[PDB]
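Listed below, chain by chain, are the residues.
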Amino acid sequence: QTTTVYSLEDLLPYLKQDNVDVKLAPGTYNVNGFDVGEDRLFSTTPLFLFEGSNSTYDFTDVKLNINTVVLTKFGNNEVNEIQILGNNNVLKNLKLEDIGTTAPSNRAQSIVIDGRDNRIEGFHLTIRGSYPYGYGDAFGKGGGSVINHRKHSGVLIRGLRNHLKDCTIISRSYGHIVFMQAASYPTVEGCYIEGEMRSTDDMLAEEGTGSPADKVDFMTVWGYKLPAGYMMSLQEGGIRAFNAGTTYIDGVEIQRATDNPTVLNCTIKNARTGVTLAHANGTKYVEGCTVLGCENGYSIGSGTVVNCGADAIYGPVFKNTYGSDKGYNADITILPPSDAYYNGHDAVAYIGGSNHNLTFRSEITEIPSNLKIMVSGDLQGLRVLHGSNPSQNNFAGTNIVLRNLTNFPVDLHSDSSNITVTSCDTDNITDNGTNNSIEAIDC
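Parameters at a glance
- Residues numbered from 1 in each chain as written, not as in the entry; some residues may be left out.
- Heavy atoms only, no water.
- Helix = DSSP H or I, 4+ residues; strand = E, 2+ residues; numbered from the N terminus.
- Rg over C-alpha atoms; globule rule 2.2 N^0.38 Å.
- Buried < 20%, exposed > 50% of the residue type's maximum accessible area, 1.4 Å probe, protein only.
- Contact = heavy atoms within 4.5 Å.
- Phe/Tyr/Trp six-rings, centres within 6.5 Å; stacked < 30°, edge-to-face > 60°.
- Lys NZ or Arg CZ within 6 Å of the ring centre and 35° of its normal.
- Pairing = 2+ DSSP bridges.
- Domains from an automatic or database assignment.
- Buried area = accessible area lost by both parts, 1.4 Å probe.
- Salt bridge = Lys/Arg side-chain N within 4 Å of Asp/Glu carboxyl O.
- Polar contact = N/O pair within 3.5 Å; in protein donor to acceptor, adjacent residues only side chain to side chain.
- Nonpolar A, V, L, I, M, F, W, Y, C, P; charged D, E, K, R; others polar.
- Core = buried A, V, L, I, M, F, W, Y, C linked by side-chain atoms within 4.5 Å.

Draft legend 1. A look at the overall build of the chain. Counting its regular elements, the chain contains 3 helices and 40 strands. Its C-alpha atoms give the chain a radius of gyration of 23 Å, near enough to 22 Å, the size a compact globule of 443 residues would have. Projected onto its principal axes, the C-alpha coordinates of the chain cover approximately 70 × 55 × 35 Å. The buried share of the chain, reckoned over its 443 residues, is 56%. The long-range fraction of contacts in the chain, counting pairs at least 24 apart against all pairs at least 6 apart in sequence, stands at 69%.

What follows is the structure, encoded as structure tokens:
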């Protein structure tokens with residue numbers, strides 16, 4: 001049943017066939033600038049367009065090196081390396097590495113999964129080449145940027161019941177690592193997702209160099225000069241859902257929010273957020289994950305976070321996105337620090353909205369003096385100072401169960417009401433809220 005091919009050129013015709021079982025032979029395959037052109041291997045982007053359905057593709061022991069210059073060979077258009085348009089396909093075990101750091105002419109995605117019921121399993125992906133690289137999103141991640149960007153994201157999950165499984169995604173690029181747009185029932189399972197960090201102090205130390213940030217006097221898109229004391233990811237979201245997007249299934253173009261996402265047993269390291277699903281609709285479920293050194297741990301809006309952990313070294317482990325947030329059920333372990341604390345947010349959690357049931361567990365005994373569990377109040381988040389992003393800060397919390405099985409202090413702001421707080425220690429619970437209940441329990 002298995003057709004084996006021994007070159008990228010012989011591979012490409014099968015991508016237009018339904019019901020094929022193909023194996024690309026073990027080996028190293030290189031895509032460079034000379035391979036893009038009208039009589040060259042790749043005349044169009046996406047480079048690898050899986051239009052067929054009901055197919056399987058075996059890339060075991062395949063090292064695919066794509067020179068980032070390919071990102072500039074298709075004019076001012078988005079460049080996708082891999083896109084799946086058909087249904088019921090299985091791609092497995094490919095090792096795919098971006099070579100060099102050349103920025104896209106426009107923007108790039110390594111993998112776009114449209115269609116329905118597809119699965120990508122066992123991939124090892126390394127993402128490079130973007131602009132600017134060094135500032136995270138401080139100078140713009142969308143329209144109206146202070147420094148114009150050429151983003152390069154990793155895996156874009158769209159379509160229906162599409163599945164990312166047992167993948168390793170390393171990004172050294174300014175973009176999302178794994179993200180979901182218009183995806184219905186996407187599942188990310190068993191993946192290791194990793195970016196890298198840089199302090200805002202190191203950014204501000206470009207003063208006087210003529211860097212792009214230096215030439216705008218570090219004025220961020222948030223309305224104020226980049227503040228010292230924060231650790232930022234050079235990437236965007238580790239796993240981030242969007243409330244918009246376009247996808248294609250069965251020849252139908254679809255525009256809709258992501259809905260019913262599921263994330264299971266993922267480890268997320270050094271991204272802007274660990275798991276953020278607050279902007280998807282439907283049922284959100286997160287179980288068994290580990291978030292290390294992200295600016296933000298878990299933000300799913302509503303739904304279930306269970307058997308999950310995050311450290312607090314660079315930002316809070318938990319944050320309610322808006323005052324609308326309702327029904328956020330979470331059980332989160334605050335993990336031992338994976339590096340030295342550098343958390344300018346002055347919070348381990350920011351809680352608001354209503355009708356939440358929240359449990360925090362930890363073995364940490366060394367509590368940094370600036371870290372507390374906040375219910376309502378004015379979070380000192382990098383992106384929400386001085387009225388920036390106003391719906392994402394300074395909001396009320398009501399009818400919340402807070403089980404603080406940790407040593408972290410709790411600060412109940414005056415906009416909090418009907419918070420039912422159980423804690424290891426009550427002496428470090430300040431309550432300026434209304435009709436809040438504080439009871440002690442035995443460690």
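Read on for the rest.
Draft legend 2. Focus on the environment of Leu160. With respect to the secondary-structure elements, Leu160 resides in the loop between β13 (152–157) and β14 (163–165). Considered as a pair, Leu160 and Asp114 are 46 residues apart in the sequence and their alpha carbons are 7.5 Å apart. The contacts of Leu160, once residues within four sequence positions are left out, are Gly115, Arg116, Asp117, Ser184, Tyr185 and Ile249.

Draft legend 3. Spatial organisation of the packing of aromatic side chains. Tallied over the full model, the rule gives 10 aromatic pairs. Seen in terms of ring centroids, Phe42 and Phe48 are 5.1 Å apart; in terms of plane orientation they differ by 65°. Their pairing is edge-to-face. Accessibility assignment for this pair places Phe42 and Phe48 in one class, buried. A ring pair is formed by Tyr135 and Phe139, whose centres lie 5.2 Å apart and whose planes are at 85°; its orientation type is edge-to-face. Considered together, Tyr135 and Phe139 belong to a single accessibility category, that of buried residues. Taken together, the ring pairs connect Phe50, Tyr57, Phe59 and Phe123 into an aromatic cluster. Seen from the ring of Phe242, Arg240 lies directly overhead, with NZ or CZ sitting 5.0 Å from the centre.

Draft legend 4. Highlighting the pairing of strand β36 (residues 397–405). Direction of pairing for strand β34 (residues 353–362) relative to β36: parallel, over a ladder of 8 bridges. Opposite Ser354, over in β36, you have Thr398 as the bridge partner. One ladder, built from 7 bridges, connects β36 with strand β38 (residues 416–423); its direction is parallel. Paired with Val401 across the strands is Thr420, a residue of β38.

Draft legend 5. Layout of the environment of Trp222. Turning to its location among the elements, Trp222 is positioned in the loop between α3 (212–215) and β20 (231–233). A relative accessible area of 11% means that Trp222 is categorised as buried. Linking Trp222 and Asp137, residues 85 residues apart in sequence, is a C-alpha distance of 9.9 Å. The contact partners of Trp222, leaving out residues within four places of it in the chain, are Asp137, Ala138, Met232, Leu382, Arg383, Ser388 and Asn389.

Draft legend 6. Region of interest: the side chain of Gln181. By secondary structure assignment, the location of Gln181 is in the loop between β16 (178–180) and β17 (187–189). On the basis of relative accessible area, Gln181 is assigned to the buried category, the value being 18%. Here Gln181 is in contact with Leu156, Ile157, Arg158, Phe242, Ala244, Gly245 and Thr258, once residues within four sequence places are set aside.

Draft legend 7. Representation of unusual backbone geometry within the structure. Note that the residue after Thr45, namely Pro46, is joined by a cis bond; omega there is 5°. The residue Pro46 is located in the loop between β3 (27–31) and β4 (48–50) in this model. Of note, the bond from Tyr131 into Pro132 is cis; its omega dihedral lies within 30 degrees of zero at -10°. Inspection of the secondary structure puts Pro132 in the loop between β12 (124–128) and β13. Residues other than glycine seldom take positive phi values, yet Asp346 does so here, at roughly 55°. Here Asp346 falls in the partly exposed class, since its relative accessible area comes to 25%.

Draft legend 8. How the structure looks around the domain arrangement of the chain. Partitioning the chain into domains gives domain 1 (3–283) and domain 2 (325–443). On a C-alpha basis, the centroid separation for the pair domain 1 and domain 2 is 34 Å. Listed per partner, the contact involves 11 residues of domain 1 and 13 residues of domain 2. When domain 1 packs against domain 2, the two sides together hide about 1100 Å² of surface, and 61% of this comes from carbon and sulfur. Interface area lost by domain 1 to domain 2 is led by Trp222, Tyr224 and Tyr230, which between them contribute 57%. The tally of links from domain 1 across to domain 2 stands at 1 salt bridge. At the boundary of domain 1 with domain 2, the tally comes to 7 residue pairs in polar contact. Its residues assigned to classes, the side of domain 1 that touches domain 2 comprises 6 nonpolar, 2 polar and 3 charged.

Draft legend 9. Up close: the nonpolar core. Counting residues in each nonpolar core, the largest one holds 91 residues, and the members touching the most others are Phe48, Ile239 and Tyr298. It is strand β32 (residues 328–334) that contributes the most residues to this core, 4 residues altogether. The next biggest cluster of nonpolar side chains, apart from the first, holds 14 residues, and it includes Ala138, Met203, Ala213 and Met232.

Draft legend 10. How the structure looks around the pattern of salt bridges. Evaluated as defined, the whole model comprises 20 salt bridges. Across the salt bridge formed by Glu97 and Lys63, the nearest N and O atoms sit 2.6 Å from each other. With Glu97 in strand β9 (residues 95–99) and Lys63 in strand β6 (residues 62–67), the pair connects residues that are 34 residues apart, well separated along the chain. Note that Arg198 and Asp202 form a salt bridge whose closest N and O atoms lie 2.8 Å from each other. When its relative accessible area of 17% is taken as the criterion, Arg198 is described as buried. In this structure, a network of salt bridges that share partners links the residues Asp137, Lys151, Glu236, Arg272, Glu295 and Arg383.

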